[PDB]
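Colleague: Input: one structure, supplied below.
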Amino acid sequence: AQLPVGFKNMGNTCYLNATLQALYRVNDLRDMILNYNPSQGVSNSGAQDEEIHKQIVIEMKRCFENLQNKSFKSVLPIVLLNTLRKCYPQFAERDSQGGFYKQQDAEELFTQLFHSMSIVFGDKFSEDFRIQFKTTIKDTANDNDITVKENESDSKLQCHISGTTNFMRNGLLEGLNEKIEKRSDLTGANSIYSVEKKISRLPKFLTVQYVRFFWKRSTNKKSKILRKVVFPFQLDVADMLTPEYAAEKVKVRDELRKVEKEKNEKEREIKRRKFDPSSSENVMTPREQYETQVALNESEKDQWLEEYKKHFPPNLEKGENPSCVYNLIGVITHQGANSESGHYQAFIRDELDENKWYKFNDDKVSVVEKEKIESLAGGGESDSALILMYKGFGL
Amino acid sequence: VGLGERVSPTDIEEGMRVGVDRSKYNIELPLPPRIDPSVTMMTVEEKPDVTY
Amino acid sequence: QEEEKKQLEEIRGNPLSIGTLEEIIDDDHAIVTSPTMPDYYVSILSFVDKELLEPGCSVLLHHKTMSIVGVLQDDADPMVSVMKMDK
């Protein structure tokens, strides 16, 4: 709906801002959050910090409603931050002006936020980020030993960009070849294991976390892996998918294609109307006609999304993506190797025109393109992705 | 020379430009190869349009 | 006026060794060739808008550290003045 705007900064809350706008732009997630009332309570009484987790969720409600508003660039993150310190001692850390909080790892903030929603909603939030893997564990020296896990799963996928990488795409491959060792020689030596995951069940919403923070031993400093990556606007994951799962996904994708065309047909017919003047209605600015048309458009777009979801087979399970394609909606980029006082920037795909993106440099709004984000060289030459947020097509 | 803050081996290639410091002579950023494409990209004109 | 003036003296130590702006990368850095065979990956600092600068423009760079302190040149050569004979 209404255009996203400045997110109030006040110093040392850059990281914090970026992650919050990021979550908001997911359509489903926004609504569940808006529809959260303390009357429904926590859906898990498995946590001694059950009450605090409700409170976070409510402050994010506040932020989201105001973010959407074109009027309010205030969202008041002063209280939200306070709450975070109590919930988790990670966020009480690091000396700074006023309270004690400073710049942090957006990776740390994201994992912690994740549990907060998970406890309040329960399993509903969770299924929308669960990744199953059929993982084969074969010792490089003892290939003969093969131990198979089928129930291995994780909420989050790691893209390792250490080792030869030049692209995000390459890095997604390397990320499956985690390497672990095992003191047992009943599994065949203390050699590195090739660990090879295929994804056998996609979630509705996919979280990519760049792993790259490490202490560069040789220079005795914090560093981050400097190797080039480039993130294409459209992602396709068809190769990582196990053949059998992949076929179903290609069929589903076709119904989705039809809606995307009717959505872009009636979109063009909007642009024409605005282009022409208002003609006779007499002692009126054109502006009053124009605002009305802007309002139609935002409505029509939410309506089109609902058509994709209804058309999906009732065979499809909640917590599965309909397709093998995803669309980039939010990039949390990081700058500076230190995150002790590095700077976070946010790129958020525009609602009203998916084509357009708003770069939110904290409070300050500037217009950039989808292309500008593609053209990034990544590394340290320019801003480079640390967390990527990917949305199933048509959701 | 050597790596500055931390410059991956895999970034530096024959023909790749480098940014090095005045006199402490260490790589900060790998820089895209060659400055000569930029010069010649001025001449380049995109898909001209004329009706057949 | 006073604003302009104060600033201009501070920033500009002189002499100022001119460059040619070869390309921009959006991060307020530019790549320029100076008259020296080593080129210099420079910051854009102060004055001239980023937009206003388009590649192929000739530019003023500050001698202590090379930074884009403005433009007043527009690829001024003596050859143009010679030719120019509206007189």
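Every residue number used here counts from 1 along the chain in the order it is shown.
Header entry for method reads electron microscopy, 7.7 Å.
Including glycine, each Cβ sits where the backbone N, Cα and C put it.
The following feature annotations were taken from Swiss-Prot:
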DOMAIN    A:5-393  domain 'USP'
ACT_SITE  A:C14  active site, nucleophile
REGION    A:261-287  region 'Disordered'
COMPBIAS  A:261-270  compositional bias 'Basic and acidic residues'
MOD_RES   A:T285  phosphothreonine
ACT_SITE  A:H343  active site, proton acceptor
MOD_RES   A:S366  phosphoserine
Colleague: Where does A:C14 (active site, nucleophile) sit by DSSP, helix, strand or coil?
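Modeller: Helix, per DSSP.
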Colleague: Taking Cα atoms as reference points, which of the recorded positions A:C14, A:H343, A:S366 is nearest to A:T285 (phosphothreonine)?
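Modeller: Closest candidate to A:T285 (phosphothreonine), judged by Cα separation, is A:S366.
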Colleague: Under 8 Å between C-beta atoms and at least six apart in sequence, can you list the same-chain neighbours of the residue listed as 'active site, proton acceptor', or say none if there are none?
Modeller: A:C14, A:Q103, A:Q335, A:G336
Colleague: Taking the Cβ of A:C14 (active site, nucleophile) as the centre, count every other Cβ atom within 10 Å, in any protein chain shown.
Modeller: 22
Colleague: Which secondary structure state does DSSP assign to A:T285 (phosphothreonine), in the simple three-class scheme?
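Modeller: Looking at the DSSP assignment, A:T285 (phosphothreonine) belongs to neither helix nor strand, so coil.
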